[PDB]
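First up is the structure itself, then whatever we jot down about it.
All of the numbers you see were taken from the coordinates with simple rules; none came from a lab. Here the Cβ positions follow ideal geometry from the backbone for every residue, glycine too, while neighbour counts run over all protein chains shown.
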Amino acid sequence: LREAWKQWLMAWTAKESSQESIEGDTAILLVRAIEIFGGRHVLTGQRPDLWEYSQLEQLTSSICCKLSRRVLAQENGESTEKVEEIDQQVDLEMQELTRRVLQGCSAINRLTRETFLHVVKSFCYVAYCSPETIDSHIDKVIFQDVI
Amino acid sequence: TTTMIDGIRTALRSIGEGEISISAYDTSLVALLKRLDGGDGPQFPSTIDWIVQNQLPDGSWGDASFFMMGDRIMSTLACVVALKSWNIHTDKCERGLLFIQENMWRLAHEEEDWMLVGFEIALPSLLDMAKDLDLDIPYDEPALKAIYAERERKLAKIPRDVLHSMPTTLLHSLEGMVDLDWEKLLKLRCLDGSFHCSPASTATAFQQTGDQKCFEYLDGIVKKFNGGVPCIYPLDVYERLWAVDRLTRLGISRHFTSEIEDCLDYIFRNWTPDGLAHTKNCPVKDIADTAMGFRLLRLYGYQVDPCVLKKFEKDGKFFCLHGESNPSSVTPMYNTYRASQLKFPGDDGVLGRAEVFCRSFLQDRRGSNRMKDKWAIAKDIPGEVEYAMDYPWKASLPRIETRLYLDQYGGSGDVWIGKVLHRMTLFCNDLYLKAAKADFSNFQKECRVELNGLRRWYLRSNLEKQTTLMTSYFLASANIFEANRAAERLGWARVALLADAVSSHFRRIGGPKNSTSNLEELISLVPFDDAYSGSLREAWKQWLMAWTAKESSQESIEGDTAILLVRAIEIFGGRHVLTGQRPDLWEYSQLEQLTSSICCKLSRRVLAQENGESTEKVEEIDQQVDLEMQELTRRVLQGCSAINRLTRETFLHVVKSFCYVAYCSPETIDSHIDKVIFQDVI
Amino acid sequence: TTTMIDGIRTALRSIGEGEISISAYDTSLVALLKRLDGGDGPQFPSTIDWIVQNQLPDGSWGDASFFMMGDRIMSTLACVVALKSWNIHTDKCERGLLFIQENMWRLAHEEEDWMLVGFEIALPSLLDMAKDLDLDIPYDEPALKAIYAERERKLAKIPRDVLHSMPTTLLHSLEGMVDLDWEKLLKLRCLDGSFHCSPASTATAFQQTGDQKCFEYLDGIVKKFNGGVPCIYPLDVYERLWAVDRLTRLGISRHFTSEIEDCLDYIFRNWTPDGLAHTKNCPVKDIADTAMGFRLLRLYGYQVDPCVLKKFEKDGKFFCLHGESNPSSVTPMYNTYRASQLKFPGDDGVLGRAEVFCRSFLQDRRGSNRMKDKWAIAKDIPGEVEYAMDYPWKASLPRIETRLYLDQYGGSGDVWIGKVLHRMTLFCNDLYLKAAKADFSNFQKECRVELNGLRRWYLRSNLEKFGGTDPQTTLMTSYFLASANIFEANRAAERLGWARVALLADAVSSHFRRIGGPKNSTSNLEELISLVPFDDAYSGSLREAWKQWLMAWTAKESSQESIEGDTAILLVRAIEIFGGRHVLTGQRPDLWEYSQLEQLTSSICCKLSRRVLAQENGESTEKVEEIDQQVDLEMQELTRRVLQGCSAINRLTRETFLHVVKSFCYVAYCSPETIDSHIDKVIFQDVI
Ligand SMILES: CC(C)=CCC/C(C)=C/CC/C(C)=C/CC/C(C)=C/COP(=O)(O)OP(=O)(O)O
Ligand SMILES: CC(C)=CCC/C(C)=C/CC/C(C)=C/CC/C(C)=C/COP(=O)(O)OP(=O)(O)O
């Protein structure tokens, strides 16, 4: 966790004068922290696992960056077409990610791909809901007693 | 010849305080120091023996291999003022007097931008001390009132109070100074005990007060050379840095990978928070040494911080020294500019100001024929400034640079400018040129053979689904040019060729979904061994999948092509990330992502530039790729990680190849090609 | 290399009744047995068959390599007597008699300490046996009178009474006595059936009595060696002890940790309450085996009591055997002194008097030039004695003693004074020295390589802006003090760790000591621990130790106490981190053992720091001696707690505590020039 936080902070101080958002770095930090807390290494010896992990990380970073850009452009005084463009690109990247994750002939473990999917789905969910529905769901899931 | 390499290595690994020539001025000035006990003549006989031993045919002094004017007349007068003061060998004394009396008319045609150190403060004092003895002087001449005016300007810019509170560059020439008031000035000299490492000034100071440390220094420096005293001593930090520079720029650095480290060690052990001028003693750090040591240390994987360069900042202008009474030269500014490339994102903005101020400076003086420097004399400095200003670090392949420079090294004719004229022996030699030419010819012949060796296979492989073969092989050879890396070079080239072939085929057929044939089997055409049989096939399948997934979108597929080419380089050679950590995974992922992003951005830029849009979008994409390349360059040459060095240099090689492709014109590319791999040398 | 280790392991795993070279005198004295069944030839003809085919080219007998007078005299006289008795092969008797009558004159220059056992009781009787026959030997000699005088001098110490009641060291030479009460003498022999493990005495008693067990012993020892009888037999306890000692003190014992533990079990199973002996079934004991066996049994983690040494006391003056003439015994007193270092505080106080008397005697003998022993010559005894005396148990790193001991080994040049000069083979060999030298060189190579690597790491991290005015000496000292204890091949992750953390501590300490305390500091110091290369298991749990040490620094300011204790605690914790060794604190005794060990280490290091400080300022000797005793008490307690076997902790942890304390205690008992000589001799001085 020390190293992961150091890398995240270095990525902060390395993109201070650019117009690119920094949500991808936070997503990568969350994924690395979950993988560390779980206690699952990755066999870095053979090439296919390395390449699979690199592809997955690049995909989730790009997806989170696109989501951040869409969320920024939404509330601002923009038209209703650029939003559709960004949504189409987001959907293409998401379908590629779910192809890479839900497959069955891969060599990486099962839980790591599901962790990637959980993080990306959490981001995409929190990006697509007004706070009122979030409050309603919070009150209905862990507070509204069932039986 | 390989023996020359071992010879220069043996001469380098036994380095000392630098081997420079001897000056007549200094020998004459130190010869006239008389003894203490009795004193039946001067102190040292070796100096006067060398004086009477090394007369030129014209009767003058100095190195006649380059006929200057000022140094010759100064040395002759300062030598006669002693040869006729001790009243010995009188038959040759006036022989030099005739020379000066017949050639004093040249001081109205000599260059202004080449004036020796302390000239305007050592020539009047020389005339003063020569007044007494029986000898003829042409006192009245405008070329003397001129130097008097320069002396007055120097004394106007440099008051007297500076010579008693802080070290100052004046102490190198203490001859034309009176009423020194050595009470406070004696505790201000250097740590070795000298006076700014100038034997003449130490002799002048010891003549007026009996100090023992200056006596010991003079005795040691005269007994070291066994006859003769150099113009300046020692030179144990300047020589090392400049030798390492002139050695790594020629292209034989890979042979001496041990002595270079054991030579930069002595630089890193003396990185004072102020700087390093020429020794660990002289406390007058200038900006022509730092700009060199900092760049070199940061290039070979060390830990340095450029906040020290801020100490020369004065109102946007940069001082060469503390009291420069002259517009600075080009070599310190040129070195500052060349060291303002390896900037890291977290570094202070001091480099951001140098990168523009020095650019403006070197652009003004380049817009004319005013390219004369002040601290050096070389064959073609404007050409090298042109090269360093036309091609930045982002698109500077090593082979192109070494080829364009190999015909610009001064050999043995590079004189320098101090108090007298002197020549360097370590990094001004002809063995370097011989070894560099031999190695370059070997590489050229190897490439000229392997180019046809590759063209034959290309014609036999039936891949016409042209001219890209020669360019591809030139790009493959301009980076990995070592003797035993053909296995990686051919792999570099073949995968790129097959890739652009399939890329053209997919575009022609109209999509990768209307393809009726199978394509994964195409990898069998490339030669293979048993150890790496399917891994390359796996990478090829991954590239094909990345293509069929990145279709009907906007981002180009060139990034994945760069990543595939990198993995291909990685397969040939067989080195893993076998250590096994979390930082290793993270470093690999970050490097791959940065490479892909930079490649895609350059693809977008080259696509959007041809369209003829406004010139501002180009500036935007350029600033973006610069902000990315800074971080990539930081991660490549940090030298504090656990990844095999070549696996790290591969990414930089590929990214620089792509940047050079995107930042050049085809005709200039072809000129570089047929100048490097077609036109022979010698 | 590695086949030599296999040969040595094979020679060890099949040890038995002992290996020892044959001797001609005993064979001659055995051949004189006339046949039992009534024949004419001797009972054992293999003795003659051997004795006739082993004559030296010179025409003499005895040992070939070495050359001593009494050996040759006795061997040749016995051989000529055994030849003349049966009166066969009489062509060589004159060849031997020539040598005798030509070299008996030179019997006046032999040393006084080198006197064979039973010499003054076997030479006169053999001369009398020769006088019965007509053999012209120079019976007259000024030297022979000294022998007859020494005979009476020894006979005065043992009367005719105690020889028939208590078994003494006299039965080893019996043929040189007559008028024996054989009734009250058959009740004193060994359990095997031989008189004090001696074939000559058994032979003499057989031809003068009608016993049957002695005949069985003689027949067995004759048949086991296919002709020829040895000087003494068996040796089933001597060989084991001295082989284990020569393997331990040579630095090669780690490869044989599965046989040494199976070799010491035989000694532990036969721990006779009044001391050990030179075999399992000898009724007289001595000190050259009790002390050595006790020390060896205690150093490997057994349960032995040292009160058995009380039997060897007589008016505050020890001895080696029950009644002797010349008390010139260097090896027994030396071994007793060396076994007087291991000492628990609750043991009986006899070891104190043992140490005192042995040190007094050895210092007396070292003042003069009488460093000659009566049991065995060697290559260098004074070197061994001076080393074991000048560097006590507290400050004797094993690698140093091994590097020094790779010179004083005898190889094949050793010989032990018994009834005649006889060579031992199982622990006086040539494979031992060669294997030890090879292993030492193989260690030195890795030492040099890792030293270079550590030097590069020290240069790259700009950690020379602190430290003394000569960083190379500090680096060399702090790496030698680490590569001398953990010397194995697969513990680099602990060696280099110790070195790095020691350098960091010694830099931060100087930086703090040149400023004026922790309050006047401004830089971030907690971050210096990141200079150690990153890992997953090792790092991460080390910043805790660093922060605890820094809290210890910032908490001991208003007082005046030292800080070395917390530095030793940091070193032991950081050595425990690497290697990956936990302690199962689930059960309590392990927790309590760990706490006690840590507290003892801290206190000892603080007391040593106080000693060095109060000794530098030039005070009297009383304070220094008091501090020395105060330190030695806790050192004894720590040694007891580390060597014993009660709690259940991984032995390597307690051994790490011992290593750290040994280093911190050794660094304060030597001048810098001496430690520099040691660093130069251990690493750079190459072998073979
Ligand atoms: C800087 C490089 C590449 C090498 C160093 C070579 C050295 C040590 C040169 C001597 C340094 C020194 C004492 C320079 C003197 C600086 C000075 C104020 C000279 C006075 O002359 P200027 O004020 O430059 O004007 P002119 O030299 O044109 O008269
Ligand atoms: C027990 C140790 C340390 C070694 C054993 C090695 C052997 C074979 C020792 C001989 C065993 C033994 C019974 C020796 C006694 C021989 C003897 C002469 C006893 C009486 O005289 P000493 O006083 O021992 O010696 P001197 O005869 O030279 O006076």
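Please compute P(r) over all alpha-carbon pairs of region C:315-357, binned at 5 Å starting from zero, and give each bin as a whole-number percent.
It works out to 5, 19, 30, 23, 14, 6, 2, 0, in whole percents.
Tell me the mean residue ellipticity at 222 nm calculated for chain C from its helices only (DSSP H runs of n ≥ 4, each -39500 (n - 2.57), averaged over every residue, nearest 500).
Rounded to the nearest 500, it is -16500 deg cm²/dmol.
Net charge around A:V101, counting only other residues with Cβ within less than 12 Å of its Cβ (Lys, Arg = +1; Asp, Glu = -1)?
Spelling it out: positives minus negatives among the neighbours equals +2.
What is the Å³ per residue value for the convex hull set by the Cα atoms of region B:94-250?
Here the figure is 193 Å³ per residue.
Projected area of region C:491-593, taken from the Cα convex hull and averaged over every viewing direction, in nm²?
Over every viewing direction, the Cα hull of region C:491-593 projects on average to 7.8 nm².
Return the FRET efficiency for the residue pair B:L525, C:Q548: r is the Cβ-Cβ distance, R0 is 45 Å, and the value is rounded to the nearest 0.05.
0.10
Go through B:79-89, B:153-163, B:132-142 and give me the packing order, highest mean Cβ count within 10 Å leading.
B:79-89, B:153-163, B:132-142
Using every pair of alpha-carbon atoms in region A:1-74, split the distances into 5 Å bins beginning at 0 and state the percent of pairs per bin, rounded to integers.
P(r) over region A:1-74, rounded to whole percents: 3, 14, 20, 23, 21, 11, 6, 2, 0.
Starting at 0 and stepping by 20 Å, how many percent of the alpha carbon pairs of the protein assembly as shown end up in each bin?
7, 23, 24, 22, 16, 7, 1, 0
In whole Å, largest first, what are the principal axis extents of the Cα atoms in region B:276-361?
Dimensions of region B:276-361 along the principal axes of its Cα atoms: 36, 33, 19 Å.
Please compute, for peptide B:288-299, the average count of beta-carbon atoms on other protein chains lying within 10 Å of each residue's beta-carbon.
Taking all residues of B:288-299 together, the mean is 0.
What do you get for Rg/Rh over region C:13-123 if you use C-alpha atoms and the Kirkwood form of Rh?
1.01
Among B:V420, B:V618, B:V654, B:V330, which comes first, then next, by fewest other beta-carbon atoms within 10 Å?
Sorted ascending by nearby Cβ count, the order is B:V618, B:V654, B:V330, B:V420.
As a test of the definition: which semi-axes, in Å, follow for region B:80-132 when you take the square root of five times each eigenvalue of its alpha carbon gyration tensor? Largest first, please.
24, 15, 9
Run down the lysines and flag those whose C-alpha is under 20 Å from the C-alpha of B:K145, throwing out any fewer than 8 positions away in its chain.
By straight Cα distance, B:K145 reaches B:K131, B:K154, B:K157.
Average partner chain C-beta neighbours within 10 Å, per residue of B:588-594?
Mean partner shielding for this stretch: 5.
Grab the beta carbon distance between C:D470 and B:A11, set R0 = 30 Å, and tell me the FRET efficiency rounded to 0.05.
Once the sixth-power term is evaluated, E becomes 0.45.
State the percent of C-alpha pairs, over all pairs in chain C, separated by a distance greater than 47 angstrom.
Of all Cα-Cα pairs in chain C, 31 percent lie more than 47 Å apart.
Among C:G118, C:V660, B:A539, which residue has its Cα furthest toward the positive end of the charge dipole of the protein assembly as shown, with +1 on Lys/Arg Cβ and -1 on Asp/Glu Cβ?
It is B:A539, whose Cα lies furthest towards the positive end.
C:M424's amide H: which non-local residues (gap 5+, or another chain) put their own amide H closer than 5 Å, with H modeled 1.01 Å from N in plane and none for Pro or chain starts?
Close amide H contacts, sequence-distant or interchain: C:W416.
Assuming a viscosity of 1.002 mPa s and a temperature of 20 °C, what translational diffusion coefficient in µm² per second does Stokes-Einstein assign to region C:564-686, Rh being the Kirkwood radius over Cα pairs?
It diffuses with D of about 133 µm²/s by this estimate.
In whole Å, how far is the Cα centre of region C:540-606 from that of region B:139-166?
What the calculation gives is 69 Å, centre to centre.
Could you give me the ³J(HN,Hα) list for region C:31-47, computed from phi with Karplus coefficients 6.51, -1.76, 1.60 and θ = phi - 60°, whole Hz, x at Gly and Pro?
After applying 6.51 cos²θ - 1.76 cosθ + 1.60, I find 5, 6, 7, 5, 4, 7, 5, x, x, 10, x, x, 5, 10, x, 4, 4 Hz.
Straight-line reach only, C-alpha to C-alpha below 12 angstrom: list the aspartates and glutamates that B:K213 could link to, leaving out same-chain residues fewer than 8 apart.
Correct list for B:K213: B:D192.
Taking K and R as +1 and D and E as -1, what net charge do the other residues with C-beta under 15 Å from the C-beta of B:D315 add up to?
Net of charged neighbours comes to +3.
Roughly how crowded by other chains is peptide A:54-67, in terms of the mean Cβ count from those chains within 10 Å of each of its Cβ atoms?
Average per residue, whole number: 3.
Quick check: residue separation of B:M177 and B:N54 times 0.36 nm, minus the Cα distance between them. What number comes out in nm?
Extra length from B:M177 to B:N54 when fully extended: 41.2 nm.
By how many nm would the segment from C:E598 to C:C646 lengthen if fully extended, with 0.36 nm per residue of separation less the alpha-carbon distance?
15.5 nm
Using Cα-Cα distances under 8 Å and only pairs 6 or more residues apart, what relative contact order does chain C have, in percent?
Averaging sequence separation for qualifying contacts and normalising by length gives 13 percent for chain C.
If every alpha-carbon in region B:543-597 counts as one equal scatterer, what log10 I(q)/I(0) does Debye give at q = 0.26, 0.31 1/Å?
-1.10, -1.21
What percent do you get for the relative contact order of region A:1-142 when only Cα pairs under 8 Å and 6+ apart count?
Computed value for region A:1-142: 28 percent relative contact order.
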